[PDB]
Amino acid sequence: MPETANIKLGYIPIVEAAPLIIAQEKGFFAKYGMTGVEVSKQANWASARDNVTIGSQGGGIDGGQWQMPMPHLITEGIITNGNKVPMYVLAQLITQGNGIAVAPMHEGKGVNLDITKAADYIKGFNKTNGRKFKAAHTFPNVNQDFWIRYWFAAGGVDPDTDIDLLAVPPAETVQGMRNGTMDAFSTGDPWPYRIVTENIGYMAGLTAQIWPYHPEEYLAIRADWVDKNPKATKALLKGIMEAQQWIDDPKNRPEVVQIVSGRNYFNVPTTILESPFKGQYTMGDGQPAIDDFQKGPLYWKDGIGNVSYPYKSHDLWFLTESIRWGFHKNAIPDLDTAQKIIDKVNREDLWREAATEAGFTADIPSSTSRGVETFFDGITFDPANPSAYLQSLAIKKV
């Protein structure tokens, strides 16, 4: 019996939110006693951040969906103006379902997955086209900022000095692309489908290509709530695990799409989500379309290991990449400090415990590390030596 059947979890209306919505709507949360879960739509990431800092009692949220390393940054008060609100990372919600969109003006320039040959074109855009190449994500220092930064830098473009990388709302960004004032957009489903079908732009590449089966969105809840309600926390985890398993069975995806697209959730036409849930993406710019289930969003198991289990080696990559770009210079000055933060935030042990109790022992990874990670450009990240990873990178601020 959970200590409480209630909790307010925030979500952003994108495919990464699926496990939360499905766990609620298909009764997986209820199956384990969590009959009072409120899946609350957040206006944007800044609002989500603010709402978890105030907690449910103050009218906000107890936890929810997050881009990494938001839970860690909030725990240390780094992005909350010093207001430290400890949080626990409990499960990875999904992998893939993200990608980089580029404006039509850049077609035929080689601005695809590997932009190496187009680097000079991008770097000299102000002289040749009247403005610095402009790219956007919707929140700094997290997932989507990292994806586009890695993509730019892998090809020789410094995302801080060579272009204008800004935090801009998604709708405003797409309008900018339509108006010809925005050049690239680090986004995710359902945006790519609309951008391409409405001829607003093309997809340079999917994160599924940049880093196959990469860590992405996570479930994280305030530490004070989890410490007070350990049983309820494990119940929520089991509900999420079952929802993830359910979502990954192709037979259930039409219903998954119908549910999340509903008026009370995403409130969008199912047509813009049907394709990606089959791993089908029209890429454009003369490149072949993608038609591979393994390249679409995955919620339970991927080609390497278990999606849901939160590998500490992935938390390490996010903080290592934060260090790469000189983010939070005073708060996270070294890798030792990063590991200390990870050891207080990542609660993979609770995922293991919940999985064991639920009878999913066969799906539990044998280590807290998924081993050496390989990016599309040949660079490898060995969790045992993040220093070597950083030193192997051409563009960085350390």
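Residues carry their position along the shown sequence, with the first being 1.
> If you average the Cα B factors in the entry, which is higher, 37 to 45 or 64 to 72?
Replying inline: Looking at the recorded C-alpha B-factors, 37 to 45 comes out higher on average.
>> I need to verify one thing: averaged over C-alpha atoms only, is the B-factor higher for 239 to 247 or for 78 to 86?
In response: Here the higher of the two C-alpha B-factor means belongs to 78 to 86.
>> Can you tell me which of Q96, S313, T128, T320 has the maximum CA B-factor listed in the PDB entry?
In response: Out of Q96, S313, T128, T320, the record gives the largest C-alpha B-factor to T128.
> Looking at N252, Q258, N264, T207, which has the highest Cα B-factor in the entry?
Replying inline: Of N252, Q258, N264, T207, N264 has the highest C-alpha B-factor.
> Of the three thirds of its chain by CA temperature factor, lowest, middle or highest, which one includes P212?
Replying inline: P212: CA B-factor falls in the lowest third of its chain.
>> Test of reading the entry: by CA B factor among the chain's modelled residues, which third contains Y202?
In response: As the PDB entry reports it, the C-alpha B-factor of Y202 lands in the middle third of its chain.
> If you rank every modelled residue in this chain by C-alpha B factor, which third holds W351: lowest, middle or highest?
Replying inline: Lowest third, going by the recorded CA B-factors of the chain.
> Should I341 be placed in the lowest, middle or highest third of its chain by the C-alpha B factor in the entry?
Replying inline: Its C-alpha B-factor, which the entry lists for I341, ranks in the middle third among residues of this chain.
>> Ranking every modelled residue in this chain by its Cα temperature factor as given in the entry, which third contains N143?
In response: For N143, whose C-alpha B-factor we compare with every modelled residue in the chain, the answer is the lowest third.
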